[PDB]
Each structure stands twice: as structure tokens, then as C-alpha cells.
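Coordinate inspection notes
Read off the chains here:
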Amino acid sequence: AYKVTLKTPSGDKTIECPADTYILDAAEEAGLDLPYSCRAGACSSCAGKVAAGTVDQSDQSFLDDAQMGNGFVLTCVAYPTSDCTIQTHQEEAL
Ligand code: FES
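Residues numbered from 1 in each chain as written, not as in the entry; some residues may be left out. Heavy atoms only, no water.

Identification of the protein as Ferredoxin, chloroplastic from Chlamydomonas reinhardtii is taken from the PDB entry. Its official PDB title, as written in the record, is "Ultrahigh resolution X-ray structure of Ferredoxin I from C. reinhardtii". In its Subcellular location section, the UniProt record describing the protein reads: "Plastid, Chloroplast". (UniProt positions renumbered as here; feature names shortened; annotations may be inferred.)

1. As for the pattern of salt bridges
In total, this model carries two salt bridges according to the counting rule given. Between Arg39 and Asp25 there is a salt bridge, and its shortest N-O distance comes to 2.5 Å. In this pair, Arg39 sits in the loop between α1 (23–29) and β3 (47–52) while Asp25 sits in helix α1, placing the two residues 14 residues apart along the sequence. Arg39 sits in the partly exposed class, given a relative accessible area of 30%. A relative accessible area of 23% places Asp25 in the partly exposed class. Among the ionic contacts, a cluster of salt bridges with common partners joins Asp25, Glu28 and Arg39. (Salt bridge = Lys/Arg side-chain N within 4 Å of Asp/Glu carboxyl O. Helix = DSSP H or I, 4+ residues; strand = E, 2+ residues; numbered from the N terminus. Buried < 20%, exposed > 50% of the residue type's maximum accessible area, 1.4 Å probe, protein only.)

2. As for the packing of aromatic side chains
The full count for this structure, using the stated rule, is one aromatic pair. Stacked on the ring of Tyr36, the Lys or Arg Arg39 has its end atom at 4.7 Å from the ring centre. One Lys or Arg, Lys49, reaches over the ring of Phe72 and ends 5.3 Å from the middle of that ring. (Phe/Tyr/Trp six-rings, centres within 6.5 Å; stacked < 30°, edge-to-face > 60°. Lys NZ or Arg CZ within 6 Å of the ring centre and 35° of its normal.)

3. Some words on the environment of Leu34
Residue placement: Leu34 occurs in the loop between α1 and β3. Here the alpha-carbon distance between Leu34 and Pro80, two residues 46 residues apart in the chain, equals 17 Å. Not counting the four nearest positions on each side in its chain, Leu34 is found in contact with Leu24, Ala27, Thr88 and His89. (Contact = heavy atoms within 4.5 Å.)

In C-alpha cells form, the structure reads like this:
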């Protein structure tokens, strides 16, 4: 699994997330209550920003190329591919 450090507005929490599990799902199951709505990669509710490490969000559709190049991620459809750090609650920053 990968260590995913969620940098939330109320501090950091590092969870383990298997390669085959979406970050939001692992976070929810670890007891975090992160924003979401569609869970299909088609909105901005679950947006985060990758500060370090890599994800695979090939499933996503809402973010544009520039947003992804600036590290935004739709956590509901993102798998980790390394140990990573994701700032949560980033929809207003998009
Ligand atoms: S909850 Fe809509 S894209 Fe993730």
C-alpha cells in the first residue's frame, strides 16, 4: 500500500491506501469525511491538490489539462502510485 498524507484544513493525517483503491474511498474508510458528490470523476466536489507523490486519475473527466498539470486531483477516481501528499478541500482553489 501507499502512505497518503491528507493535508486537511484541520491538520495532517497519513493513511494507507492500496494501489487498487481510490484515495477518497480509503480516506472515508479511515474515518475522514472529505467532500464528494458524484463519485464518478465528473465534478469538482472531491478536488484535492497533490503536493508530492503521484496518482493515477486516468478515469477522471472534469479537470482540464492545466488543472491537472498544477496538481489538482479528483480524489474519488484517483489511485495512488507512490507515497503522496494531497491537500484536501481544494474545490474553491480550482
Ligand atoms: S465527487 Fe464528483 S468528481 Fe469526485
